[PDB]
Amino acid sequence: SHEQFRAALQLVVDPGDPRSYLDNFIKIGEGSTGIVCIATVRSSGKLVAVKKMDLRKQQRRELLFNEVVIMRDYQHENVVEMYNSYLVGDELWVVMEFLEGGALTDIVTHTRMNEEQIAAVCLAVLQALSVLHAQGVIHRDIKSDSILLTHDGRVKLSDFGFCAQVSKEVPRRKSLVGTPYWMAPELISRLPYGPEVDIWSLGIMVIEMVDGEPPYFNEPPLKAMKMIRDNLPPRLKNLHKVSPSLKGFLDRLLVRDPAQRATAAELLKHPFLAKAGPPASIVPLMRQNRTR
């Protein structure tokens, strides 16, 4: 029931009607079940990000609990910070840190990044993923859209709307959750899975950064999933010279067998991440800067 869901959600969100201390909502994104707005904290003038989920439009409701609960009080340099969560009418509102730099999707679909830039993104995501995996947090939506940047190029992991929590007692999830093109093969095959699905999704995002799009992106999503399930681990098709470290790096991420796929803590030591540039190397790629 809808009101049954709204009632349970009211117990886990913060109390209050946040429309009191926020105004000047500017819509900047749409996710098919919700939107995302820039808002102004009326008491300080600072800008925050506010995402509003239409409760009536959630295929499966438990996911909204995951994000608001798992992310409350979470602090990491490479993770977008959630300030508060509120139930407003038929919408869940998440008030979070606003990243003015926007998504990595805008960079990857317009220009090809150099290895120093790709290494910098990988390092930021892997640092966030290693801390999250250690606490049992599975992101389940790693892609370019889930990467947000500051104006000076700092990488922050975003969109924990599909995240989940595993423990020593229940160490695996089984929900069919994620974006079809970045989904791990064990997940598409409807097997139980753990944090290793994020490592595969990261490997697909490397292909994004090199090739501009994930494999099979021209195909409909259900077609891409059948192909991920049955085909061999993609390697870069963007056949412009790639360094051997990047080649060896991707070979540790895009492993069909999750038990053989490298973990986040293992990849933090990989030679490819030595290529990582400073956050400033991301800056020229952003739309506000790349045409000057």
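Numbers for residues come from their place in the sequence shown, where the first is 1. Heads up, when I say rigid core I mean the largest set of C-alphas that superpose within 1.5 Å between the two forms.
Is the larger C-alpha RMS shift in 4 other deposited structures of this protein, relative to this form with the rigid core superposed, found in 102-110 or in 78-86?
Taking the RMS over all superposed structures in 4 other deposited structures of this protein, 78-86 lies farther out.
Is 88-96 or 158-166 the stretch whose C-alphas end up farther from this model in 4 other deposited structures of this protein after a rigid core fit?
Between the two stretches, 88-96 moves farther in 4 other deposited structures of this protein.
Mean CA B-factor: is it higher for 58-66 or for 41-49?
The recorded data point to 58-66.
Comparing 24-32 with 263-271, which has the greater mean CA B-factor as deposited?
Per the PDB entry, the higher value belongs to 24-32.
In terms of CA temperature factor as recorded, identify the highest of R112, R173, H139, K156.
Top of the list by C-alpha B-factor: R112.
At the C-alpha atoms, which of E100, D145, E186, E81 reaches the highest B-factor in this entry?
Of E100, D145, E186, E81, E100 has the highest C-alpha B-factor.
Considering only modelled residues of the same chain, in which third does the CA B-factor of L11 rank: lowest, middle or highest?
For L11, whose C-alpha B-factor we compare with every modelled residue in the chain, the answer is the highest third.
By its CA B factor, does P192 count among the lowest, middle or highest third of the modelled residues in the chain?
Highest third - that is where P192 ends up once the chain's C-alpha B-factors are sorted.
If you rank the chain by CA B-factor, which third does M71 end up in: lowest, middle or highest?
Highest third of the chain for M71's C-alpha B-factor.
What third of the chain does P220 rank in for C-alpha temperature factor, lowest, middle or highest?
For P220, whose C-alpha B-factor we compare with every modelled residue in the chain, the answer is the highest third.
Lowest, middle or highest third: where is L254 by C-alpha B factor in its chain?
Lowest third of the chain for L254's C-alpha B-factor.
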